[PDB]
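Residue numbers (UniProt numbering), protein chains in the order written: chain U, 15 to 842; chain D, 15 to 842.
2 protein chains.
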Amino acid sequence: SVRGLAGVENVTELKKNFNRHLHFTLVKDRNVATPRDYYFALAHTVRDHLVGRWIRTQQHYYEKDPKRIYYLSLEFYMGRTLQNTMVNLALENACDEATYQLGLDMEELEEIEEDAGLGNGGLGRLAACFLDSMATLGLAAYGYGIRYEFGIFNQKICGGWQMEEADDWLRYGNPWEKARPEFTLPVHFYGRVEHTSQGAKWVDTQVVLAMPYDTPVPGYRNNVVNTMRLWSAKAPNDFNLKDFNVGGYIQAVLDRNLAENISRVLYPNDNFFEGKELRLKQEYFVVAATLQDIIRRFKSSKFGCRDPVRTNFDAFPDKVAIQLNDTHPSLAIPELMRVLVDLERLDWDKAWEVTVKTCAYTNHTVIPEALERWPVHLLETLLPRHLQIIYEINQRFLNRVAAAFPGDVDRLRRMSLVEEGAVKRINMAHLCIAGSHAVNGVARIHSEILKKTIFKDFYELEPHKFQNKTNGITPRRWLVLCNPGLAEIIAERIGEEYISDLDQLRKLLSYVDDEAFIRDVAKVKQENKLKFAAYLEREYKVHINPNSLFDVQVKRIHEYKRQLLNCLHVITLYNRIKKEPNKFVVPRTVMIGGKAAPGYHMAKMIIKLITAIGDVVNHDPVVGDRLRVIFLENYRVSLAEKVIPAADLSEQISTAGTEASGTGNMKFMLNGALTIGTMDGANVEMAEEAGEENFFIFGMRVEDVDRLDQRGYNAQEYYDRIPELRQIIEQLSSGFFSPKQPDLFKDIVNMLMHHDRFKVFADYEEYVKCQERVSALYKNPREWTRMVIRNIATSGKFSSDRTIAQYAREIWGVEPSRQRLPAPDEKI
Amino acid sequence: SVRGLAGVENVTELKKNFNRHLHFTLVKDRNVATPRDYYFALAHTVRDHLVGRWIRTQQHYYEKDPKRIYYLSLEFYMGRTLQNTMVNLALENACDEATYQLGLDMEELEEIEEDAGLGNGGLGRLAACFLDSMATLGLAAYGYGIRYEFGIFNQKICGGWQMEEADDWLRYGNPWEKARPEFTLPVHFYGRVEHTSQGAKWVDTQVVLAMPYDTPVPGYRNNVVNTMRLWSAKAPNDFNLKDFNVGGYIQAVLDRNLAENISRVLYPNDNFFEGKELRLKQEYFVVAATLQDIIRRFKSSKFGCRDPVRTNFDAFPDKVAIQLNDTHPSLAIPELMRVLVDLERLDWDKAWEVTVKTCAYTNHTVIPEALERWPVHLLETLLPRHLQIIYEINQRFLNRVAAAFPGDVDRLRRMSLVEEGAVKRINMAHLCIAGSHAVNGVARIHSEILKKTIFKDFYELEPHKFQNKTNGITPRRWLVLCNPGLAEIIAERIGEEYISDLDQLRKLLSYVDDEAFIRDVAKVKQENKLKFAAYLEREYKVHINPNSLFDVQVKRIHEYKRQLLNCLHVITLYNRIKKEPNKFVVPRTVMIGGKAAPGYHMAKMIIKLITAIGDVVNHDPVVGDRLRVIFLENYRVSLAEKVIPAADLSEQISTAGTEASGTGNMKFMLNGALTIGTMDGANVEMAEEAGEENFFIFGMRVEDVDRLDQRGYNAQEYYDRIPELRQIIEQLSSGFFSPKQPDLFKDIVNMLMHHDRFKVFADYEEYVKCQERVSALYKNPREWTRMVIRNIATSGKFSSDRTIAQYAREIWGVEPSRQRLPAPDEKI
Ligand SMILES: OC[C@H]1O[C@H](O[C@H]2[C@H](O)[C@@H](O)[C@@H](O[C@H]3[C@H](O)[C@@H](O)[C@@H](O[C@H]4[C@H](O)[C@@H](O)[C@@H](O[C@H]5[C@H](O)[C@@H](O)[C@@H](O)O[C@@H]5CO)O[C@@H]4CO)O[C@@H]3CO)O[C@@H]2CO)[C@H](O)[C@@H](O)[C@@H]1O
Ligand SMILES: OC[C@H]1O[C@H](O[C@H]2[C@H](O)[C@@H](O)[C@@H](O[C@H]3[C@H](O)[C@@H](O)[C@@H](O[C@H]4[C@H](O)[C@@H](O)[C@@H](O[C@H]5[C@H](O)[C@@H](O)[C@@H](O)O[C@@H]5CO)O[C@@H]4CO)O[C@@H]3CO)O[C@@H]2CO)[C@H](O)[C@@H](O)[C@@H]1O
Ligand SMILES: Nc1ncnc2c1ncn2[C@@H]1O[C@H](COP(=O)(O)O)[C@@H](O)[C@H]1O
Ligand SMILES: Nc1ncnc2c1ncn2[C@@H]1O[C@H](COP(=O)(O)O)[C@@H](O)[C@H]1O
Ligand SMILES: Nc1ncnc2c1ncn2[C@@H]1O[C@H](COP(=O)(O)O)[C@@H](O)[C@H]1O
Ligand SMILES: Nc1ncnc2c1ncn2[C@@H]1O[C@H](COP(=O)(O)O)[C@@H](O)[C@H]1O
Ligand SMILES: C[C@]1(OP(=O)(O)O)O[C@H](CO)[C@@H](O)[C@H](O)[C@H]1O
Ligand SMILES: C[C@]1(OP(=O)(O)O)O[C@H](CO)[C@@H](O)[C@H](O)[C@H]1O
Ligand SMILES: *Cc1c(COP(=O)(O)O)cnc(C)c1O
Ligand SMILES: *Cc1c(COP(=O)(O)O)cnc(C)c1O
């Protein structure tokens, strides 16, 4: 497969260093090495071929001094690194050969790597796809985040209920990171602010040290390897036993842990805000440690000897760009001001223009519950200087507003960064727009909406700032790595250039009429379904029918994502079957899966509904093969890599106006799945690219929702004029799915019936009719696959390479390069 | 120096892999490598030459199935590993050459290694010397202990007061250990005991997992490399979020730490008991995890297929011997019974004979405060089954006693393992004697005393059990590694066989009259003093006079060790000078140093006294060079390696009957220092070996102390008939040394005056007169060095190789081998 070359000499070196690391690094012997030990041996042999490059890329940036881009995210949803590293480094087929001559099956070894799930969902995956695309366009980019000791929890279902277990991902080691204790930085917490003479001094602070760990991010076949720097918290060795700190020496040492708890776990809220102080400590910890590392490179490169100005930050935006990934690092704006004004003693106005020109903010949601307004009482306590600075910012911001909208007192009310009233809080989004020079939404519809609805005021004050950059996916992991079959057949026809130029995929339009290509496309699909169907029973217990339509919705469980509507589709189907049982119907294996944040009662309930449905449906003998509903336990990046290649239908059903973009979207459009969806997020652009006719669009569009809201959405109307929906609601209410606890799903019936913000029932009739259109087309193999080819041929625009090329040009001001950097290494 | 060979080919391979690890393992570049990075690069290159051997020694023990010896200690005072590994592996001069051709100075690199101070003092150093000697006699020995995240604290003096800081020794990594997460074992805590039908079941327990980390222990030049296995505590991934454990998911994850706190720090009590539950948790944690690893090797070796008996432990003592190092692992006796009786279902009597024949206990102190009596209320709670077993043990033990001493009710009272009265507690020492087959003291005098005083009852019941094994020191680290000069000059004359046969040192008796040898001996001494004097000012600030008598007492600060008496010697001297200031007196640089346990008020006070004295004395202009008193900050194994080669006088002044052996002793006897000491611990045997005349023995002997105690020790008698002592006590009381806080040393004057158990003042007159004899002899260079040669020639018996050869033969039943094992490695 062209997975590259496979080459006698390299095969021989690879074998040799696999064995060098088994012995010397693992200190294991072939007589007692387990597959885990072979995985480590191989990981560490691949790692070695990337070091030369890593060291050369950073040496190279040092002397060539480019504008560096720092991407700040509190999530990086990396996934497994091995195969991806082999892909981007071209080692895949050399190693496959070598591991077979050692006798090992490489793919068994890949399954032993545990995902780095340092992320919840799409926000963190974006950052990881971004990372790959910044390396592939050779940008000097660095992604800074926290090294959580426990990442997102592992979901285990027991009784149809999510049982969350900790993700002890570092348990056996991580052969990719390189701890860098030489560069530990202190971060200060609490303190008081002494305003005396020269300025304010943040004094009496508690120190937590941030210890960096670097991971390499290899660009695809272009020899650039950039760095992902993740901080760890470490308690100071001195103050935790200094002062006249008696308490108990032994307790003093046991108390170190409290400071280290800043990097202990990722907060599992799948965008929704939580005012917890340890989260605020994380968010400040990232920013402070990172910005010291930013200032440190600025002062050392080539300004390294630029002598007699003072030291000067006029050039700081031409050498630094930092990208705020959602508001979670907005303290970079008051911390950058704190450093510049209080420490380098710049004039506030100068410092502010350098800050605005460095910062940029990406907004991910319109949903209010996810927005961060931190209580000013907490900010006062933990970070008093930053509260002062925010207050001063706000001041001057509002004075700018006053002058522009003379007399509109409510504008001042709306636009203030401080939300007055009862518990006065600080709106992080407003901070970000006030101090960034560019603000972008992630899909064009989400950016129009940001300009009309929530930030309209800021749009009117500074229209110039508002931009859009539709999200994207990296074809390497999302095509080449999870679906090499499709990438091979595509490559036979149009070559391999498309892996770093996805737009070339549209030359496949010439093959929508090619019968060999149709056979091929459908064949990779059926093979993938077979490989997944087997996974399903070999790691769990299943018997699914592989010639079903594999209908799947995998994403975080939430009510706007509307898994419930899909649930409503399933029993309508089960019941349609159940009433005229000898009617032919196209078989569907509906798989729905995703994690639910602990505590979100409703999402935990929705999960039980799906398993409840599966319990009934999957054991009704009158259904047979015809419907299988399966809930996919513990979704994460490695399950996404197995289920999206096997999927036929992609469920993307948000009430129009709630999904910002959606990136799962895009992953199924390559991989040949057909989308059923509403016009929301990026589904709009995927349908423009492939054409309305090659998409199954149903549902109300945004206006229609707003029309309904001004009328008054009343679910009772639906219930009363739709009999099928009424039978479902009755089954749910009677305990048809909960035989021994009828009472159970009344909670969900209640929200559906009475206070459902996401208007599940108004989209139901269209949903169901549109689903009959999907089965109509699945019965004609040839035209489903032609629709599929037009979808695949058209997903080029959803590559993150395009997205980063746009961020680069229209916001960071840096130009992309596909120019390969020369790196081998030394050999002397 | 013959430090071995230095050899063109090996020099070339070493350079090459130093560079392989700088690049590939450290991912650093010569352009940015710091000395720390070069230390890691070198450590990791030495490490590589030991792996072949390690793997071969364990493969070899596997098939050759010997009786394995497990040494259980809760302390292992390792020190730095690099140079020692080079010594024992013969790589020292190959690397010195290689690092010079790379341009680096090896000795700068050795100073960057941080001590593994997993120990307090002599108890833990013993274990580490034992480890080296078991490897050198090729015994299949394993040392099991805890991997503490923080070892003994680092002492920092501020104001003459000890300020203790945490020892963040793992901060930059430890290139020697090999984490072994494949072998994590659970340990159970709390629980209840359900006695039903077949036996008792320990049920409902909390699980902590013990995760092993192995370190290699290379024998000197004989290619055996044994293993030191240190456990780490890890919290279970399931129960810390299972049950219906709501609390807060995020708190659940933050609570993992509590279980991990079992391996967080070493308890800094420098033998003295502390009834703290986390200590009991450590002690049980070691034993349970270790014994599973012991049972595991027994059941797998060659009994691995010994089929149809059941599985049988009759051969367990012929294949296992575990050595209890002080009572801190005595739970191995109830845990071995718990496993055998409750889990393998053996008959209690059979299980007991296998237990007694496996176990052996080494007793280290007669001092009551150090003995562990655990409160039975704590044992009930944390370990209920083990309390039952201890009770049953006790029963049967006392019934054995009753039958042997019919009617001696008080014997039953004295000998019970359970100390009744108010807080009923369990005497660990009695447990150990009851269930071990051999019990030994560590110096012959300490064993006679154990038989007469504290365990006389147990002696009379089982005389056969009581043995002695005088402690020893390993000539490799304590001669070859800290003092290669002396080892070279010794080697020129008598060859190198003495490094694994220290008794050969006595052929040096032929050179007590050799003038070249005298010049040589004294020359290495003066050079060593110069190297230490320079250390002293380059890392601190000092100007000491190098041609002084370097009089030094370095050991843990405690009142029985009597640093106070030495303090009394110093101001007598300062005052003698001060009254007739133009008298010649032999200059002395008195260095006293050692850590004091936090909390031991008196030891913390004694430290301030010494610095107080130094403050006065060292700045009196009428003294000049004549007296320097210096307190050596932060004593540990690497400072011992620098100060004992430079020392002239070795202070070993315990009230006779309190030091068990003392091992510091021995270190100064090689290295050419002359001992001033009482007849206590092993000073008795060092004086038998070198002869009374070559030792400065003063003080009362044991009888005399016991005579005094029956009279009534009254310090006032001394005060009143000795004027010098009276002036000192007055200076202390008046605030002569504490000008601004006179009140300050009255605490120490009070204990001296009124309740001094260690009878400082009764030994004073002899002490001082004996010290005048030492200065008399230092004025005649030639005969001090001849005395020195007779001391050095005689320290052969204090090698730990002898001690382990005796443990081996008279207790473990295994024979030593100096036979080299063949190990290179593979090369194919
Ligand atoms: O040296 C400069 C300056 O420093 C000091 O000013 C600071 C204040 O002392 C300090 O309290 C803080 O002020 C905050 C204020 O606490 C916060 O609530 C917020 O004020 C906004 C309201 O939130 C906003 O609603 C609006 O109030 C209007 C509202 O627009 C209007 O629609 C209607 O509903 O009536 C409301 C009542 O007037 O505007 C105000 C601001 O005008 O923001 C404030 C500024 O961040 O921070 C100040 C800046 O450091 C000194 O006190 C001052 O004398 C000095 O000149
Ligand atoms: O199936 C066997 C057996 O099991 C059960 O016996 C157990 C007891 O129920 C249980 O309490 C526990 O007994 C302990 C006892 O608690 C503990 O205090 C200790 O008893 C010693 C005294 O400590 C010791 O001083 C001495 O008492 C004498 C003393 O020698 C003498 O000098 C003088 O001063 O008078 C004292 C008062 O008599 O001896 C006793 C023991 O004789 O040790 C006990 C044993 O460990 O553990 C028992 C064993 O499991 C059942 O209760 C019993 O009926 C069954 O036969
Ligand atoms: N002081 C310097 N002299 C030469 N090269 C340097 C220097 N400082 C940093 N570099 C190099 O540039 C790299 C990038 O480091 P950093 O600035 O920490 O990301 C290093 O690993 C070096 O190769
Ligand atoms: N008990 C709670 N803990 C955390 N989030 C909650 C809680 N109650 C409501 N929310 C949230 O508000 C949202 C809607 O949940 P619901 O209240 O069940 O409709 C989600 O984003 C939830 O996470
Ligand atoms: N199952 C086995 N078959 C062959 N060799 C073994 C086996 N089990 C243990 N050994 C070997 O003996 C060693 C010592 O292991 P251990 O018993 O854990 O100390 C291993 O590293 C192997 O080389
Ligand atoms: N406050 C205390 N904490 C710990 N050990 C103590 C304490 N008080 C007395 N001891 C001990 O009893 C011993 C003698 O100390 P002292 O009471 O100062 O004479 C030492 O081994 C001490 O560690
Ligand atoms: C917060 C969020 O994640 P999620 O898919 O988990 O809801 O960020 C992604 C990346 O910008 C978006 O594609 C997505 O619509 C949005 O909801
Ligand atoms: C407990 C102890 O340590 P220390 O030297 O720290 O007091 O064990 C050592 C080894 O058995 C003995 O030599 C020593 O006399 C004894 O006191
Ligand atoms: C692609 C991906 C997502 C994004 O899915 P959405 O439906 O856009 O939220 C989330 N989680 C994982 C594991 C993914 O790989
Ligand atoms: C040798 C040694 C000791 C032992 O000294 P004693 O006076 O016997 O207690 C203690 N600590 C260290 C650092 C040593 O190397």
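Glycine residues also receive a C-beta, built at the ideal position from the N, C-alpha and C atoms.
Requested in this report: Look at the Cβ atom of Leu663/U, then the Cβ atom of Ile690/U, and state whether they are nearer than 8 Å.
Outcome: In this structure, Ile690/U lies closer than 8 Å to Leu663/U by Cβ.
Requested in this report: Would you check whether ligand 8 has a heavy atom nearer than 7 Å to the C-beta of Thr677/D?
Outcome: Distances between the C-beta of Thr677/D and the heavy atoms of ligand 8 include at least one below 7 Å.
**Report entry** Identity of the residue in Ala819/D, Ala530/D and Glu191/D nearest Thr484/D by Cα
**Finding:** Nearest of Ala819/D, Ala530/D and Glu191/D to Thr484/D, Cα basis: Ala819/D.
Query - Beta-carbon separation (whole angstroms), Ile571/D vs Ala626/D, contact threshold 8 Å - result: With 8 Å as the limit, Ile571/D and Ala626/D do not qualify as a contact, their Cβ atoms being about 15 Å apart.
Query raised in the report: Sorry if obvious, but does the Cβ on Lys593/D come closer than 7 Å to a heavy atom of ligand 2?
Result: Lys593/D Cβ: outside cutoff for every heavy atom of ligand 2.
Query raised in the report: Measuring from the CB of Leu426/U, is there a heavy atom of ligand 1 at a distance below 7 Å?
Result: Because some heavy atom of ligand 1 lies under 7 Å away, the Cβ of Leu426/U counts as near it: yes.
Query raised in the report: Residues in its own chain within less than 7 Å of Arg439/U by CB, not counting five upstream and five downstream?
Result: Spatial neighbours of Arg439/U in its own chain (CB-CB distance under 7 Å, excluding positions within 5 residues in sequence) are listed in chain order as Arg387, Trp388, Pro389, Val390 and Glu433.
Requested in this report: Return the bridge partner residues of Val231/D from the DSSP annotation.
Outcome: Looking at the DSSP assignment, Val231/D forms a beta bridge with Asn240/D.
Query raised in the report: Is it true that the CB of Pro343/D sits closer than 8 Å to the CB of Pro612/D?
Result: No, the pair does not count as a contact, with Cβ atoms beyond the cut-off.
Query raised in the report: Closer than 7 Å: is that where the CB of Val415/U sits relative to any heavy atom of ligand 1?
Result: No - ligand 1 has no heavy atom lying nearer than 7 Å to the Cβ of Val415/U.
**Report entry** When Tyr162/U, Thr210/U, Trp175/U and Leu96/U are compared against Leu292/U, the one with the closest alpha-carbon
**Finding:** The candidate whose alpha carbon is nearest that of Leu292/U is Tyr162/U.
Requested in this report: Kindly provide the ranges of any alpha helix (DSSP H) runs that are 4 or more residues long and lie completely inside the region 470-501 of chain U, ordered along the chain.
Outcome: Segments of the alpha helix (DSSP H) lying fully in the region 470-501 of chain U: 470-475.
Query raised in the report: Can you tell which of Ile308/D, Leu223/D and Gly676/D has its C-alpha closest to the C-alpha of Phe299/D?
Result: The option with the nearest alpha carbon to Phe299/D is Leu223/D.
Query raised in the report: With respect to 7 Å, is the separation between the Cβ of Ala654/D and the closest non-hydrogen atom of ligand 10 below this value?
Result: Yes, since a heavy atom of ligand 10 falls inside the 7 Å radius drawn around the Cβ of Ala654/D.
Requested in this report: Taking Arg270/D as part of the beta strand (DSSP E), name the residues at either end of that continuous run.
Outcome: Neither: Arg270/D is in no beta strand (DSSP E) and is coded neither H nor E.
Query raised in the report: Does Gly174/U come within less than 8 Å of chain D when only Cβ atoms are used?
Result: No - not a single Cβ of chain D is within 8 Å of the one on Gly174/U.
Requested in this report: Could you name the residues of the region 120-139 of chain D whose beta carbon sits closer than 8 Å to any beta carbon of chain U, in the order they occur along the chain?
Outcome: Taking 8 Å as the upper bound on Cβ-Cβ separation, chain U lies near no residue of the region 120-139 of chain D.
Query raised in the report: Under a CB-based cut-off of 8 Å, is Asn251/D close to chain U?
Result: It does: the Cβ of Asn251/D has a partner Cβ on chain U nearer than 8 Å.
Requested in this report: Within 10 angstroms of the Cβ of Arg796/D, are there 16 or more other Cβ atoms? Answer buried if so, exposed if not.
Outcome: That one is exposed.
**Report entry** C-alpha gap between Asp119/U and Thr48/U, whole angstroms
**Finding:** Each residue's Cα considered, the two are about 13 Å apart.
**Report entry** Whether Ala335/U touches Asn377/U by CB criterion (8 Å)
**Finding:** In this structure, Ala335/U sits away from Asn377/U, with a CB-CB distance that is not shorter than 8 Å.
Report task. Answer with yes or no whether the minimum CB distance from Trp68/D to chain U is below 8 Å. Result -> Contact of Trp68/D with chain U is assigned, a C-beta pair being separated by under 8 Å.
Report task. Mind checking the region 164-192 of chain D against chain U and listing, in chain order, the residues whose C-beta falls within less than 8 Å of any C-beta there? Result -> Cβ contacts with chain U come from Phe164, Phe167, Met177, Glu178, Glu179, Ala180, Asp182, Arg185, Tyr186, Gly187 and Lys192.
Query raised in the report: Looking at the structure shown, is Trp798/D part of a helix, part of a strand, or coil, going by DSSP?
Result: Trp798/D falls in the helix class under three-state DSSP.
Query raised in the report: By how many angstroms is the C-alpha of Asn708/U removed from the C-alpha of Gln745/U?
Result: Each residue's alpha carbon lies about 35 Å from the other.
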